[PDB]
Each structure stands twice: as structure tokens, then as C-alpha cells.
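Peer 1: Generate coordinates for the sequence data below:
(4 chains, ligands or ions: 4)
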Amino acid sequence: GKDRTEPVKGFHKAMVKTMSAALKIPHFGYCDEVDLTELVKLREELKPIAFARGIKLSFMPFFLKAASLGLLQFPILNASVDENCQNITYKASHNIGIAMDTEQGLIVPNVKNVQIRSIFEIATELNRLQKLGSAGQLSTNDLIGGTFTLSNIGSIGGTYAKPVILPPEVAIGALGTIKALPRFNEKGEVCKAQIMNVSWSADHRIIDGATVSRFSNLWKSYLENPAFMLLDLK
Amino acid sequence: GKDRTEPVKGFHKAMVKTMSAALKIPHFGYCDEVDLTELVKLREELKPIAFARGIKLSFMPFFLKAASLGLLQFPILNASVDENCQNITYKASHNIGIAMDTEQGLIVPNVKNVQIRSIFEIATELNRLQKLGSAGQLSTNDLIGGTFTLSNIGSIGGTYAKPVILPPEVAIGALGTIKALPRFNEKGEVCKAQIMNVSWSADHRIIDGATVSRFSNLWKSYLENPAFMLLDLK
Amino acid sequence: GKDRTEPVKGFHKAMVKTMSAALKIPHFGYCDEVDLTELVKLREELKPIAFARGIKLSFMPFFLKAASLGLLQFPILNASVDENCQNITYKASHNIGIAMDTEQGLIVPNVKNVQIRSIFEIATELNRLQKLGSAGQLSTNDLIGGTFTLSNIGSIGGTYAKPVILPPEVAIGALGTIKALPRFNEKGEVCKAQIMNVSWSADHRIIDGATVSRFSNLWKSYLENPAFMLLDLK
Amino acid sequence: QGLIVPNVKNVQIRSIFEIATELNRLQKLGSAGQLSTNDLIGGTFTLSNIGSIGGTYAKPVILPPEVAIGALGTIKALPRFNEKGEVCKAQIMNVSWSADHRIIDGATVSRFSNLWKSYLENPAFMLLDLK
Ligand SMILES: [Cl-]
Ligand SMILES: [Cl-]
Ligand SMILES: [Cl-]
Ligand SMILES: [Cl-]
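Peer 2: Numbering: from 1, shown residues only, chains lettered A, B, ... in the order given. Ligands and ions are numbered 1, 2, ... in the order given. Below is the structure in question.
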């Protein structure tokens, strides 16, 4: 009825500080659309195997593994920079953060070493981080060491977005809602295509547009043609 | 054929300062598409009732009422924040600004108290502000006290945007051109759908992704299905 | 397979400076889609004539000429601003930059005086700049005096982007991938339309929303209706 | 020179692509009669791709002291019912296993076979557990 004023208190303090720190990073946005039809079908095919094994199989495990595969080719996107971008540290480990909101705000735990983990393992670690995350039970280790972040806004809504890079990282993707839209196939006939938008933000002080674009294409070729991931997995 | 220097003077100075103060806000962007097929139809129907009552009715009053509805559920989006973001003021009134550009620069009049006004009353207030706005006669009271802003860029053109938040507000939305596109219906058949793009920017220091996304979904559902708006109005 | 730290050195130092400088600019984003079906056709009929004169004709010359035609009508976009944005210098020459990444990232040579050059002249000049750029042999003068930049991200991939303005310029545009989509014609029939996205960033300290937008529609109208460009060419 | 059987080492930590690379290598060497001791030794299990020449089914001979071997026949397009019940082009291959029945029982080879098969009938199934 009247205006209420309140302290930003406690845990809400971290977001203020994280997001303010991101003012120092000149964001270059790059977006695309990804045709996820073959992926949607694929997820359906593996749904029963993963249920049998006790896991719920979402799309994220696929996005994560493709991102990682992509980071092998473009390792500069899995790097950090110092106070004034004097120096860059390339990080061997793909510790990929998953953005979450809680009643206490923004939390980003990461799956460690995605580069040596299978899609099934990634699914398992996601379930774990999510359960812990919703019980307020994430460890310090779950939160530190993140090298790269994906944010599935698409689980609530949206198409395109402009996500905020988390210092000290240099890049973040936001995934929008998967939507059936009319699109042409190779014969030029109108099909049902499952279309997802992706939006990357990159620190343009050390990531040029070709890097992020080509990374995006590789990420996207992997998801549009899942079998392509098969080639180099062991 | 020749270069020319000029001072930024007078009313142009104000835009320099607002936009410069916005640099302190870490902007998070979130976008969506909205099916306005029922609303376009609904609007054609109310046109003559408005014309009879002396009012040009556009889409904005609907966008305004629906924003105020969502803000009731997500009042943090109608809030303000202080010098270095240590206190939130949650603001009772929904003073929603309509961003206009004048032969004089950026001007943001608002509709006071949208939460206690009807679409028709909002339309009346919009007509008043346009009369005065395009004549250069907006008054101090019409300009001040804004809590939240929408910007109808699509009255000129466009799809998505990155609007710039007006301090000390925490969010702003931009609406694109309503435009007919091929889209699937429930039966999986190809229809004409009146599609509009929405682009929100929010102060990620105190507004997380889920809040802007859920707000946006709510706003969207009020517009995709105007019937829902019926339920709670008095 | 461990971390490697490294100095940002040599040429990459320039990208850090430029992009850091761009933080002082409150970027406003405006985006749209452009129907290039006629243009694509048009280019197909011209390739032969230009191949016959020893010039590869891409889309870029068209985009450049149209931008140029638009800047004649909206000259504030081809302007520069000083230290805390107190004076605007309107630039007579349209020296449009073409953002390129080399094996050393960001290089932005420009075509001098687009306002007085033919599309064929612009193609020619773009060809000169490619030859040089990929040989790492662009000269000083090729790189200075830029007044406005285009960045054709879509020659790799992409739909929308949030490009970074290059001080002391006040605007840049990014062009996405040209992609066949299902679109209604005037009869209300589903057609194959050759669609491209454009994303504009502008310094909202001195360029307002209506200015970017109307400039964009003009540019867009020149491309959707290439005949329109004839009217005032000499 | 007759029968020669090199093996790809430690397949379980290699990708399809590395395996392909090793095959081309062993194929090259084999042709030039240049295979090393180390290439020929230590095999634990054998495949014979008879269908690079011909055949459907086969009875391949186990290589002591291994306990199993698979022969692969020619991939042929054959008419087969789909999920509906309509005739389709199906790309059909035969596999014949021989197993030392002193220690390998019928369910084992068969259950092994099914697993292999479904990996190949639904290649996406392999995506799932590779690293
Ligand atoms: Cl920026
Ligand atoms: Cl679309
Ligand atoms: Cl930011
Ligand atoms: Cl900004």
C-alpha cells in the first residue's frame, strides 16, 4: 500500500557483487538458432534406458558435452583473464557451470571435468547438483573452479537473451525454449522442426567474433547431427 | 562535403546523463515471442466502442494493464535501488512510462497508478500524453515518478532490442513490430499468427533470470489469452 | 592437460584497449529481419558482369551502399563524440569499416568515401582490402578514419548479435546468416523467402531509438526494394 | 602368405576415429607384409569381415587361446516391415559367432550379441556412455 525500503542482506549480497564485477567485461553477444529435431527424437530413444538406470535425462547433458567438445577446439573460451586483461590462463579442466535461481538467488555450481565424462555421467552429476542446489546443500567444491557457464532459461521461457559473464570466466551461453516451427527441409517442403535459440556473451577483450561464432557452429553441428559426437568419444 | 562540430546543448544533455548513469547497471537481457492473434482480433472488436467514446485504442493499454498485472506478482520488478545497491525500495504505484522520442530527444511520460485503472482509462491517459507529447507540452508531473518502462519501438519497426534501463528503475521492456508469420496450431497445421517480439532488460544486481522469465511468461499469457485478464479485474 | 598462463601481447593488446574503451558507451540495441529474396536474385544476375570485370561481388557492397544512402538521411549516425559526450562532430565522409578477424583477430579497415562510390567501385575496393587483409598486409591508411562499421558475422553463422561500438564511432551493425524461411506473401501464401537478421548497436547518449529504427527501415527498404536505390544515384 | 591376424590394442580407450586410423595402418602394413611382432601378438578377441568379399552366415574358427570370434557378412538391402507394417529398404547384415562352449554358455553369447546389435541398430545408444 505504501513504499517499503529494505536492506539487500546476506546471500543476496553475492549477486550484487558478481554482477557489478561483470561491468568490467565488454560483452559481445552472438546468437543463433539450432535445429534440435534429431536431438529431440534421440532424447526420446534414450529416455527409457536412463529411467531404468535411475536418471532423468534432460537436454542439458547433451548441451554440456557438445560445449565441452567445442572447447577442445577453441580452448580460449575456457580461460580467465587478470585485473586488466594483462594475462590469460587457459584452463585444462572443463568445469561447466549451470546457472540456477533459488529463493536465496543466483547459484552456479559446475560439473567438473566434463571433458572426461560421458553424457550419462553428466546427467547423473546434474541430478546431484540440482537436488543439492534445491536443498541448500551445495558444497564449497561444487561452487568453486567454474571455467564456463550454461544457463537454461529455456526451462522457463524465452527465445534469445543477453546473459552476464561471471568473472573470472570469459563466456556464457543461454538456451531458450525449444519450439516447433515451420521450416524447409532439403526438398524445399515445409516441415515440423524443433528449434532452439542459443545466445552467447563473450569478453571481447580477448575473444573475437570468429572464435565465438565458429565455436557456436561446432557446438551446433554436434547437436543437430548427434552422431557427429560419436566420432571422437572413447 | 565538410565536417562539422557542435556542442551537445540543452535538452540533449539530459539524454547524455541518464544513459551515462545506466552504465552502472549490469543489464541482463531476456527475450520472447508473443502470439497476438487473439489480441489483434479482440482489439478490432473494441475499436468502434472506443471511437464512439472519443479514444484511439492501440495495443499499449493492453500491454500496460498486463504489465501491471505481472508486477503485482513480481513487485521486485517495480522497485528501485540506491547508490551502490544496498537497499531496495518496493514501490506501491505502478507508474509505467512510455518511452517517446521528440524533435527534442528522449522523453518518458508515465501513466500513474496503472494498477487501479482500466484498459479504457489507460487508453484515455495515453491519448492525453500523445497529444501533449507531440506538441512539446508535457508537464513536470507527467514526467516524474516513473517506476517501470515500456518502449514501443515496433510502432516504427524492429523485432528484438536491448533497451537501456532508466535509473533508478530496475527493468524496461521493448515491443517489436506485430507481424504475421507461419505458425503451427494445436492440430499441427500451418496458420497465420500475429507475432510480436518482446525484449526485457533487468538490473541483474537484484533481479535474477527466473523472476524476469516468470514475469514475462505471466505478461505473455495475459496477452496470448486476454480472457485470463478478465478473471481478477473489478 | 594442465593450466597455462600467458601474456596478452603484440597485436592482441589493441583489442583489449578498444573494447575496454567501448565500456564508456551506453549501448542501445535494435534488431530486425530483412527480406533479401529480391537482392539474392539481383546479385545472381550481376555476378557474371562482375566476374567478367575481374571482381567477386558479395552482398557487402549492397549493404555498404544502402548504409551510406541511409547515413545521408540520418547523419548523426556517422558522427563522433568527445570525452564526456559534450560535443558531436558530424563527419562528411562515410568511411565504412568492415570488421574482420585475422590470424591476429580484430582488424577493421574501411572503404573511404562510400557516399561517392558505385557499388561496383565498393566491390572493387572490398576485394583490395580482402587480398591485403588475409596477407596481413593492410596499410595504416586503410585502417584509419573509420566513421561507421558493419560486421558480417553471417559469413560464418548467426542470426542476431550485440556488436560492440568502436570509439569514437557511435554505431555498428551486425549481419546474420541469410537463410531460407517460410514467409507469407501478399496473397497470404507460404513462400520461400531469403531472410537475414541485422542487429544494430548505437550510443544512446546522443542517438535516440527513433533514429536507429528509422535509419534501419530506410536501409532495410533499400535492400528489400533494390530499385529504390536507383532513384537518387548518379 | 595366408591367414594373418593383427589386433587393435586397447579398443576400450579408443574412439571410432582412432580405431579407424589404426585399421588403415594395420591394413597398410599387412599388405606390404610389414606387420610388427607387437601388432600380431596379444589379441583377445577376433572379428572376420568376410562380407568385404561376400557371404551371409559363416562358421568361423576360434583362434586359440581366445574363446570367441565373429564373422560379418555382406550388407544387402532387403525388404522388411517397419514400425507401421509397410515394406522398407532395410540395410541387413548377418553376424555369425563361434564360442568355446566349454566355458561360454548359450545365453552369454546371445546376450552379448543382442547388446552389440542394439549398439549398431541404434548407434545413438553408443553416445550415451562414451567419454
Ligand atoms: Cl559493452
Ligand atoms: Cl521465425
Ligand atoms: Cl553487462
Ligand atoms: Cl549499457
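
Peer 1: Which residues are in contact with whatever residue of chain A ends up closest to chain D?
Peer 2: Going by CB to the nearest CB, chain D is nearest to residue A:233 of chain A, at 3.4 Å. The way it works is simple: take the backbone N, C-alpha and C, and place the C-beta from them, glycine included. Going by CB atoms under 8 Å, 6 or more residues apart in numbering or on different chains, residue A:233 touches A:118, D:15, D:16, D:127, D:130, D:131.

Peer 1: Would you report the backbone torsion angles of the fifth one?
Peer 2: Looking back up the chat, that one is residue D:130. phi -80, psi 150 (degrees, to the nearest 10).

Peer 1: Now do the closest residue to residue A:108 other than its chain neighbours: how many residues are near it, please.
Peer 2: Distances taken as CB to CB, 6 or more residues apart in numbering or on different chains place residue A:97 nearest to residue A:108, at 4.3 Å, with adjacent residues excluded. Counted by other CB atoms under 10 Å in any protein chain shown, the residues lying close to residue A:97 total 22.

Peer 1: what sits against residue A:97?
Peer 2: Contacts of residue A:97 were listed using CB under 8 Å, 6+ apart, and they are A:108, A:109, A:110, A:146, A:147, A:148, A:149, A:150, A:166, A:169.

Peer 1: And for residue A:159?
Peer 2: Contacts for residue A:159 (CB under 8 Å, 6+ apart) come out as A:176, A:177, A:179, A:197, B:31, B:32, B:33, B:197.

Peer 1: residues from chain A in reach of chain D?
Peer 2: Proximity of chain A to chain D is confined to A:42, A:45-46, A:49-50, A:116-121, A:226-227, A:229-234 under the rule CB under 8 Å from any CB of the partner chain.

Peer 1: For PyMOL, write the selection for the buried entries among these.
Peer 2: Entered in PyMOL, the line below selects the buried ones among the residues of chain A next to chain D, by 16 or more other CB atoms under 10 Å in any protein chain shown:
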select buried, chain A and resi 42+46+49+50+117+118+119+120+121+226+229+230+233
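
Peer 1: which residue is nearest the centroid of chain A?
Peer 2: For chain A, the residue nearest the mean C-alpha position is residue A:150 (1.6 Å; CA atoms, centre = their mean).

Peer 1: Could you pull up the contacting residues of the nearest residue to it once chain neighbours are set aside?
Peer 2: Distances taken as CB to CB, 6+ apart place residue A:173 nearest to residue A:150, at 5.1 Å, with adjacent residues excluded. If you count contacts by CB under 8 Å, 6+ apart, residue A:173 has them with A:63, A:67, A:149, A:150, A:151, A:163, A:198, A:199, A:200.

Peer 1: neighbour-wise, which of the residues you listed leads?
Peer 2: Compared across the contacts of residue A:173, residue A:199 has the highest neighbour count, 29 neighbours, by other CB under 10 Å.

Peer 1: Beta-bridge partners for that one, please?
Peer 2: Counting by DSSP bridges, residue A:199 forms beta bridges with residue A:31, residue A:174.

Peer 1: what's near enough to touch it?
Peer 2: Neighbouring residues of residue A:199 by CB under 8 Å, 6+ apart: A:29, A:30, A:31, A:160, A:161, A:162, A:163, A:173, A:174, A:176.

Peer 1: Give me the distance between the first one and chain C.
Peer 2: Taking CB to the nearest CB, to the nearest Å as the criterion, residue A:29 is separated from chain C by 3 Å.

Peer 1: What's the local residue count around that residue?
Peer 2: Neighbours around residue A:29, by other CB under 10 Å: 26.

Peer 1: repeat for the second one
Peer 2: Using other CB under 10 Å, residue A:30 is surrounded by 30 other residues.

Peer 1: Over to the last one?
Peer 2: Here the number of neighbours of residue A:176 (other CB under 10 Å) works out to 27.

Peer 1: Was I right to think it contacts residue A:155?
Peer 2: No: judged on CB atoms under 8 Å, residue A:176 makes no contact with residue A:155 at a distance of 9.9 Å.

Peer 1: Residue of chain A nearest chain B, please.
Peer 2: Of all residues in chain A, the one sitting closest to chain B is residue A:162 (2.9 Å; CB to the nearest CB).

Peer 1: got the contact list for residue A:4?
Peer 2: The neighbours of residue A:4, taking CB under 8 Å, 6+ apart as the test, are B:89, B:90.

Peer 1: Show me what it is bridged to.
Peer 2: residue B:90.

Peer 1: got the contact list for residue A:9?
Peer 2: Contacts for residue A:9 (CB under 8 Å, 6+ apart) come out as none.

Peer 1: and chain A, which of its residues are near chain B?
Peer 2: Counting by CB under 8 Å from any CB, chain A sits next to chain B at A:1-8, A:12, A:15-16, A:19-20, A:22-23, A:99, A:101, A:105-106, A:151, A:153, A:156-164, A:176, A:180-182, A:190, A:192.

Peer 1: Can you say which of those residues are buried?
Peer 2: Here, 16+ other CB under 10 Å leaves A:8, A:12, A:15-16, A:19-20, A:22-23, A:99, A:101, A:105-106, A:151, A:153, A:156-164, A:176, A:181-182 buried among these.

Peer 1: related to what we said a few turns ago, please verify my assumption that the residue of chain A closest to chain B contacts residue C:162.
Peer 2: Yes: taking contacts as CB under 8 Å, residue A:162 lies within contact range of residue C:162: 6.1 Å.

Peer 1: and for these two, which residues touch both?
Peer 2: A:27, A:29, A:201, B:29, B:162.

Peer 1: Which pair in these has the greatest spatial separation?
Peer 2: Greatest spatial distance in these: A:201 and B:162, 11.6 Å, computed using CB to CB.

Peer 1: what do these two both touch?
Peer 2: In contact with both residue A:201 and residue B:162: A:162, C:162, using CB under 8 Å, 6+ apart.

Peer 1: which residues touch residue A:46?
Peer 2: Taking CB under 8 Å, 6+ apart, one finds A:57, D:124, D:125, D:127, D:128 in contact with residue A:46.

Peer 1: same question, residue A:5
Peer 2: Counting by CB under 8 Å, 6+ apart, residue A:5 has contacts B:87, B:88, B:89, B:90.

Peer 1: can you do 7 Å?
Peer 2: Counting by CB atoms under 7 Å, 6 or more residues apart in numbering or on different chains, residue A:5 touches B:87, B:89.

Peer 1: Apart from its neighbours in sequence, what residue is nearest residue A:228?
Peer 2: Using CB to CB, 6+ apart and skipping the chain neighbours, the partner closest in space to residue A:228 is residue A:222 (5.3 Å).

Peer 1: Would you agree the one you found is in contact with residue A:68?
Peer 2: No: at 9.9 Å, residue A:222 does not count as touching residue A:68 under the criterion of CB atoms under 7 Å.
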